[PDB]
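Participant: I'd like to ask you about the structure that follows.
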Amino acid sequence: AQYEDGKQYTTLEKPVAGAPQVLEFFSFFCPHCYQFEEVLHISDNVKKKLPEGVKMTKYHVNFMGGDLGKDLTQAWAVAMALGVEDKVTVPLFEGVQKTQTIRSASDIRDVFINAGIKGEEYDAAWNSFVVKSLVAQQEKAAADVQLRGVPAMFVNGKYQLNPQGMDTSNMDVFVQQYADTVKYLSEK
(Lines give C-alpha, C1' and ligand atoms only; values in the text may rest on other atoms or scores of the structure.)
Protein backbone atom coordinates (compact mmCIF):
# COMPACT_ATOMS: atom_id res chain seq x y z
CA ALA A 1 0.00 0.00 0.00
CA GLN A 2 1.06 3.64 -0.20
CA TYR A 3 0.67 4.09 3.53
CA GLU A 4 1.99 1.12 5.54
CA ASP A 5 2.05 0.28 9.24
CA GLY A 6 5.73 0.41 10.25
CA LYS A 7 6.43 2.93 7.50
CA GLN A 8 4.93 6.44 7.87
CA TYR A 9 3.40 5.36 11.13
CA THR A 10 3.31 2.56 13.66
CA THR A 11 0.28 1.13 15.44
CA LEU A 12 0.08 1.01 19.22
CA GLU A 13 0.24 -2.42 20.82
CA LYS A 14 -2.33 -1.10 23.22
CA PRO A 15 -4.69 1.61 21.98
CA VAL A 16 -5.65 4.48 24.22
CA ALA A 17 -9.36 5.08 24.68
CA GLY A 18 -10.76 8.61 25.06
CA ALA A 19 -7.55 10.10 23.66
CA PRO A 20 -7.43 13.50 21.95
CA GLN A 21 -7.83 13.23 18.17
CA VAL A 22 -4.42 14.69 17.39
CA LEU A 23 -2.04 14.56 20.34
CA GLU A 24 1.44 15.99 19.99
CA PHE A 25 4.29 15.77 22.58
CA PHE A 26 7.39 17.97 22.77
CA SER A 27 10.13 19.27 25.10
CA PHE A 28 11.69 22.72 25.04
CA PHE A 29 14.98 20.79 25.42
CA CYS A 30 14.27 18.68 22.33
CA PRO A 31 16.29 19.72 19.26
CA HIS A 32 13.94 18.25 16.64
CA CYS A 33 11.08 19.90 18.51
CA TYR A 34 12.75 23.23 17.98
CA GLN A 35 12.95 22.53 14.25
CA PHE A 36 9.30 21.32 14.25
CA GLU A 37 8.25 24.66 15.71
CA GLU A 38 10.63 27.24 14.22
CA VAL A 39 11.67 25.82 10.87
CA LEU A 40 8.95 23.33 9.82
CA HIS A 41 5.81 24.69 11.54
CA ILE A 42 4.47 21.13 11.75
CA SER A 43 1.49 21.78 14.03
CA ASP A 44 0.30 24.57 11.85
CA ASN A 45 0.64 22.66 8.61
CA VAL A 46 -1.09 19.63 10.09
CA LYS A 47 -3.98 21.83 11.19
CA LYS A 48 -4.25 23.29 7.67
CA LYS A 49 -4.96 19.81 6.34
CA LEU A 50 -7.23 18.59 9.11
CA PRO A 51 -11.04 18.52 8.56
CA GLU A 52 -14.01 20.10 10.29
CA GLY A 53 -14.40 19.41 13.99
CA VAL A 54 -10.87 18.28 14.78
CA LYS A 55 -9.15 19.57 17.88
CA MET A 56 -5.39 19.52 18.30
CA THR A 57 -3.63 18.98 21.60
CA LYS A 58 0.03 19.69 22.44
CA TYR A 59 1.68 18.59 25.68
CA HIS A 60 5.13 19.12 27.26
CA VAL A 61 7.09 16.23 28.82
CA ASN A 62 9.25 15.74 31.93
CA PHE A 63 11.92 13.26 30.84
CA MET A 64 14.32 15.83 29.38
CA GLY A 65 16.20 18.46 31.34
CA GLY A 66 15.63 17.15 34.84
CA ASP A 67 14.41 19.76 37.31
CA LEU A 68 13.98 22.47 34.66
CA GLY A 69 12.13 20.00 32.45
CA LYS A 70 9.44 19.67 35.11
CA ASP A 71 9.31 23.43 35.58
CA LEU A 72 8.75 23.73 31.85
CA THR A 73 5.90 21.25 32.01
CA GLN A 74 4.31 23.37 34.74
CA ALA A 75 4.93 26.54 32.68
CA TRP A 76 3.37 24.98 29.61
CA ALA A 77 0.34 24.24 31.80
CA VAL A 78 0.33 27.94 32.73
CA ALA A 79 0.48 28.86 29.04
CA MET A 80 -2.44 26.51 28.21
CA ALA A 81 -4.51 27.88 31.12
CA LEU A 82 -3.97 31.50 30.07
CA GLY A 83 -4.19 30.74 26.37
CA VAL A 84 -0.81 32.27 25.66
CA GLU A 85 0.90 29.36 23.93
CA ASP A 86 1.53 31.35 20.80
CA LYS A 87 3.33 34.09 22.65
CA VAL A 88 5.72 32.05 24.74
CA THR A 89 6.56 29.05 22.58
CA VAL A 90 9.19 30.72 20.48
CA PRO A 91 10.98 32.62 23.33
CA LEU A 92 10.99 29.49 25.50
CA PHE A 93 12.64 27.42 22.75
CA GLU A 94 15.22 30.10 22.07
CA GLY A 95 15.84 30.70 25.76
CA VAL A 96 16.54 27.01 26.35
CA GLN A 97 18.36 26.02 23.14
CA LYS A 98 19.66 29.20 21.42
CA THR A 99 20.64 31.86 23.97
CA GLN A 100 20.65 29.49 26.94
CA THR A 101 19.31 32.25 29.15
CA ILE A 102 16.75 29.97 30.78
CA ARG A 103 18.32 28.28 33.78
CA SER A 104 15.71 28.52 36.50
CA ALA A 105 11.99 28.81 37.11
CA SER A 106 12.52 32.57 37.45
CA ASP A 107 14.01 32.78 33.96
CA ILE A 108 10.98 30.96 32.56
CA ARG A 109 8.80 33.47 34.34
CA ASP A 110 10.74 36.35 32.71
CA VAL A 111 9.75 35.04 29.27
CA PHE A 112 6.08 35.31 30.25
CA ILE A 113 6.61 38.80 31.77
CA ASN A 114 8.37 39.97 28.63
CA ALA A 115 5.52 38.49 26.59
CA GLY A 116 3.10 40.73 28.46
CA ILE A 117 1.56 38.37 31.00
CA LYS A 118 1.32 40.13 34.35
CA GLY A 119 3.33 38.96 37.35
CA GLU A 120 0.33 38.55 39.63
CA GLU A 121 -1.43 36.69 36.82
CA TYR A 122 1.46 34.30 36.11
CA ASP A 123 2.17 33.59 39.76
CA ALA A 124 -1.51 33.02 40.50
CA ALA A 125 -1.79 30.60 37.55
CA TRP A 126 1.51 28.89 38.46
CA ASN A 127 0.17 28.02 41.92
CA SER A 128 -3.40 27.23 40.82
CA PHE A 129 -4.97 23.73 41.11
CA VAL A 130 -6.28 24.24 37.58
CA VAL A 131 -2.65 24.25 36.51
CA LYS A 132 -1.94 21.29 38.83
CA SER A 133 -4.52 19.11 37.07
CA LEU A 134 -3.29 20.40 33.70
CA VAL A 135 0.19 19.14 34.68
CA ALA A 136 -1.51 15.87 35.69
CA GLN A 137 -3.15 15.63 32.26
CA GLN A 138 0.14 16.08 30.44
CA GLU A 139 1.78 13.39 32.49
CA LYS A 140 -1.13 10.98 32.18
CA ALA A 141 -1.35 11.28 28.38
CA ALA A 142 2.38 10.58 28.05
CA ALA A 143 2.13 7.67 30.49
CA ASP A 144 -0.75 6.15 28.55
CA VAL A 145 1.53 5.71 25.45
CA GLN A 146 5.00 4.60 26.69
CA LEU A 147 6.50 7.92 25.83
CA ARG A 148 10.29 7.72 25.80
CA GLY A 149 10.85 10.02 22.85
CA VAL A 150 9.86 13.38 21.43
CA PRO A 151 8.73 14.91 19.11
CA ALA A 152 5.72 12.59 18.88
CA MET A 153 2.29 12.72 17.37
CA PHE A 154 -0.50 10.23 18.07
CA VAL A 155 -3.72 10.04 16.09
CA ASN A 156 -6.89 8.89 17.92
CA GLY A 157 -4.87 7.13 20.57
CA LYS A 158 -3.89 4.37 18.15
CA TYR A 159 -1.45 5.56 15.48
CA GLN A 160 1.96 7.12 16.05
CA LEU A 161 3.66 9.15 13.34
CA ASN A 162 6.97 7.79 12.09
CA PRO A 163 8.92 10.67 10.55
CA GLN A 164 12.04 8.50 10.30
CA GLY A 165 10.38 6.87 7.31
CA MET A 166 9.79 10.04 5.25
CA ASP A 167 12.31 11.76 2.94
CA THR A 168 14.32 14.62 4.45
CA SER A 169 16.04 15.97 1.34
CA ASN A 170 13.43 18.67 1.03
CA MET A 171 12.01 20.33 4.15
CA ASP A 172 8.72 21.32 2.55
CA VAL A 173 8.13 17.86 1.12
CA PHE A 174 8.75 16.31 4.53
CA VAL A 175 6.19 18.56 6.17
CA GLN A 176 3.47 17.78 3.62
CA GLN A 177 4.17 14.08 3.81
CA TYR A 178 3.90 14.35 7.56
CA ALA A 179 0.68 16.37 7.39
CA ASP A 180 -0.87 14.17 4.66
CA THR A 181 -0.10 11.18 6.85
CA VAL A 182 -1.95 12.70 9.79
CA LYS A 183 -4.93 13.40 7.50
CA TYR A 184 -4.89 9.78 6.20
CA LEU A 185 -4.73 8.41 9.76
CA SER A 186 -7.44 10.82 10.80
CA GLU A 187 -9.76 9.39 8.11
CA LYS A 188 -8.84 5.79 8.99
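Residue numbering restarts at 1 for every chain of the C-alpha coordinates, chains are lettered A, B, ... in their displayed order, and ligands are numbered from 1 as they appear.
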Select from range 72-176 of chain A every residue with an atom at most 7 Å from any atom of range 14-17 of chain A, then for each give the shortest pair of atoms and their distance in Å to one decimal, using only C-alpha atoms, rows by chain and rising number, as a tab-separated table.
Facilitator:
residue	atom	partner	partner_atom	distance
A:144	CA	A:16	CA	6.7
A:157	CA	A:16	CA	4.6
A:158	CA	A:15	CA	4.8
Participant: Among range 51-125 of chain A, which residues carry a DSSP assignment of alpha helix (DSSP H), reported as an MDAnalysis selection string?
Facilitator: chainID A and resid 66:82 85:93 105:114 119:125
Participant: Could you pull the residues within 9 Å of residue 181 in chain A, counting only C-alpha atoms, minus those fewer than 5 positions along the same chain, as a PyMOL selection string?
Facilitator: chain A and resi 3+8-9+161+176+186
Participant: When you look at residue 88 in chain A with a cut-off of 9 Å (counting only C-alpha atoms), what residues show up, excluding the ones that are within fewer than 6 positions of it in the same chain? I need them as a list in words.
Facilitator: residues 76, 79, 111, 112 and 115 of chain A
Participant: Let's have the selection written as an mmCIF file, in the first residue's frame, with N, CA, C and O atoms.
Facilitator:
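Everything below was put into again_21.cif:
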data_model
loop_
_atom_site.group_PDB
_atom_site.id
_atom_site.type_symbol
_atom_site.label_atom_id
_atom_site.label_comp_id
_atom_site.auth_asym_id
_atom_site.auth_seq_id
_atom_site.Cartn_x
_atom_site.Cartn_y
_atom_site.Cartn_z
ATOM 1 N N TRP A 76 4.203 25.203 30.777
ATOM 2 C CA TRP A 76 3.371 24.979 29.613
ATOM 3 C C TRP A 76 1.904 24.889 30.065
ATOM 4 O O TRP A 76 1.004 25.362 29.382
ATOM 5 N N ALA A 79 0.773 28.327 30.361
ATOM 6 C CA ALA A 79 0.484 28.856 29.040
ATOM 7 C C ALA A 79 -0.875 28.352 28.518
ATOM 8 O O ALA A 79 -1.670 29.133 27.993
ATOM 9 N N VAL A 111 10.248 35.180 30.632
ATOM 10 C CA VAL A 111 9.749 35.037 29.270
ATOM 11 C C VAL A 111 8.276 35.408 29.222
ATOM 12 O O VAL A 111 7.821 36.075 28.294
ATOM 13 N N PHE A 112 7.506 34.970 30.212
ATOM 14 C CA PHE A 112 6.082 35.315 30.249
ATOM 15 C C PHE A 112 5.863 36.809 30.517
ATOM 16 O O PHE A 112 4.945 37.408 29.961
ATOM 17 N N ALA A 115 6.583 38.686 27.559
ATOM 18 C CA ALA A 115 5.523 38.492 26.586
ATOM 19 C C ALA A 115 4.261 39.236 26.977
ATOM 20 O O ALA A 115 3.275 39.193 26.249
#
Participant: Here is a test: counting only C-alpha atoms, which residue of A:90, A:12, A:134, A:102 is nearest to residue 38 in chain A?
Facilitator: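 Nearest candidate to residue 38 in chain A out of A:90, A:12, A:134, A:102: A:90.
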Participant: Could you list, as a PyMOL selection string, every residue within 8 Å of residue 28 in chain A, counting only C-alpha atoms and ignoring same-chain residues fewer than 3 positions away?
Facilitator: chain A and resi 31+33-34+60+69+72+92-93+96-97
Participant: How would the residues just chosen look if you wrote them out with N, CA and C atoms as an mmCIF file, in the first residue's frame?
Facilitator:
data_model
loop_
_atom_site.group_PDB
_atom_site.id
_atom_site.type_symbol
_atom_site.label_atom_id
_atom_site.label_comp_id
_atom_site.auth_asym_id
_atom_site.auth_seq_id
_atom_site.Cartn_x
_atom_site.Cartn_y
_atom_site.Cartn_z
ATOM 1 N N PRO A 31 15.793 19.038 20.463
ATOM 2 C CA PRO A 31 16.293 19.725 19.261
ATOM 3 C C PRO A 31 15.418 19.549 18.032
ATOM 4 N N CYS A 33 12.274 19.137 18.170
ATOM 5 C CA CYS A 33 11.076 19.896 18.510
ATOM 6 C C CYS A 33 11.239 21.349 18.140
ATOM 7 N N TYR A 34 12.427 21.860 18.367
ATOM 8 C CA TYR A 34 12.753 23.225 17.978
ATOM 9 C C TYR A 34 12.544 23.445 16.478
ATOM 10 N N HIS A 60 3.713 19.159 26.920
ATOM 11 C CA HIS A 60 5.126 19.117 27.257
ATOM 12 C C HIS A 60 5.435 17.846 28.042
ATOM 13 N N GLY A 69 13.110 20.659 33.299
ATOM 14 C CA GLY A 69 12.129 19.998 32.451
ATOM 15 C C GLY A 69 10.748 19.991 33.072
ATOM 16 N N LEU A 72 9.251 23.371 33.170
ATOM 17 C CA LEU A 72 8.747 23.732 31.851
ATOM 18 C C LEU A 72 7.391 23.098 31.611
ATOM 19 N N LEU A 92 10.560 30.591 24.647
ATOM 20 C CA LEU A 92 10.985 29.489 25.502
ATOM 21 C C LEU A 92 11.983 28.599 24.760
ATOM 22 N N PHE A 93 11.683 28.212 23.523
ATOM 23 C CA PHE A 93 12.642 27.418 22.748
ATOM 24 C C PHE A 93 14.000 28.119 22.632
ATOM 25 N N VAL A 96 15.902 28.273 25.995
ATOM 26 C CA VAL A 96 16.541 27.013 26.350
ATOM 27 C C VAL A 96 17.671 26.618 25.389
ATOM 28 N N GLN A 97 17.413 26.624 24.078
ATOM 29 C CA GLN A 97 18.364 26.021 23.135
ATOM 30 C C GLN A 97 19.270 26.997 22.386
#
Participant: Per DSSP on the backbone, what are the strand (DSSP E) residues of range 34-114 of chain A, as a ChimeraX atom specification?
Facilitator: /A:56-60
Participant: So which residues touch residue 74 in chain A within 10 Å, counting only C-alpha atoms, skipping near sequence neighbours fewer than 4 positions away, as a ChimeraX atom specification?
Facilitator: /A:60-62,68-70,78-80,105,125-127,131-132,134-136,138
Participant: Give me, as a Markdown table, each residue of range 10-116 of chain A that comes within 12 Å of range 165-171 of chain A, together with its shortest interatomic pair and the distance in Å at one decimal, counting only C-alpha atoms, with rows ordered by chain and rising residue number.
Facilitator:
| residue | atom | partner | partner_atom | distance |
| --- | --- | --- | --- | --- |
| A:10 | CA | A:165 | CA | 10.4 |
| A:35 | CA | A:171 | CA | 10.4 |
| A:36 | CA | A:171 | CA | 10.5 |
| A:39 | CA | A:171 | CA | 8.7 |
| A:40 | CA | A:171 | CA | 7.1 |
| A:41 | CA | A:171 | CA | 10.6 |
| A:42 | CA | A:171 | CA | 10.7 |
Participant: Please save N, CA and C atoms of the selected residues as a short mmCIF file (atom, residue, chain, number, x, y, z; two decimals), in the first residue's frame.
Facilitator:
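Saved as result.cif:
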data_model
loop_
_atom_site.label_atom_id
_atom_site.label_comp_id
_atom_site.auth_asym_id
_atom_site.auth_seq_id
_atom_site.Cartn_x
_atom_site.Cartn_y
_atom_site.Cartn_z
N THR A 10 3.32 3.85 13.01
CA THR A 10 3.31 2.56 13.66
C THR A 10 1.97 2.48 14.35
N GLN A 35 13.10 22.53 15.71
CA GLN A 35 12.95 22.53 14.25
C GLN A 35 11.46 22.46 13.88
N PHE A 36 10.73 21.53 14.50
CA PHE A 36 9.30 21.32 14.25
C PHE A 36 8.51 22.61 14.44
N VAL A 39 11.25 25.99 12.25
CA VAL A 39 11.67 25.82 10.87
C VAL A 39 10.60 25.17 9.99
N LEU A 40 9.94 24.14 10.54
CA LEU A 40 8.95 23.33 9.82
C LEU A 40 7.48 23.70 10.06
N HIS A 41 7.18 24.28 11.22
CA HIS A 41 5.81 24.69 11.54
C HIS A 41 4.85 23.52 11.33
N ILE A 42 5.23 22.38 11.88
CA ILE A 42 4.47 21.13 11.75
C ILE A 42 3.04 21.25 12.23
#
Participant: Please list as a list in words every residue within 10 Å of residue 58 in chain A, counting only C-alpha atoms and excluding residues in the same chain fewer than 2 positions away.
Facilitator: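 My reading of the contact set: residues 20, 22, 23, 24, 25, 26, 43, 56, 60, 76, 80, 85, 138, 152 and 153 of chain A.
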Participant: Nearest residue to residue 185 in chain A out of A:27, A:159, A:120, A:173, using only C-alpha atoms?
Facilitator: A:159
Participant: Find the residue from A:47, A:122, A:7, A:147 that sits nearest to residue 84 in chain A; use only C-alpha atoms when measuring.
Facilitator: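 Going through A:47, A:122, A:7, A:147 one by one, the smallest distance to residue 84 in chain A is for A:122.
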Participant: Determine the nearest neighbour of residue 75 in chain A from the options A:59, A:154, A:184, A:174, counting only C-alpha atoms.
Facilitator: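 Nearest to residue 75 in chain A: A:59.
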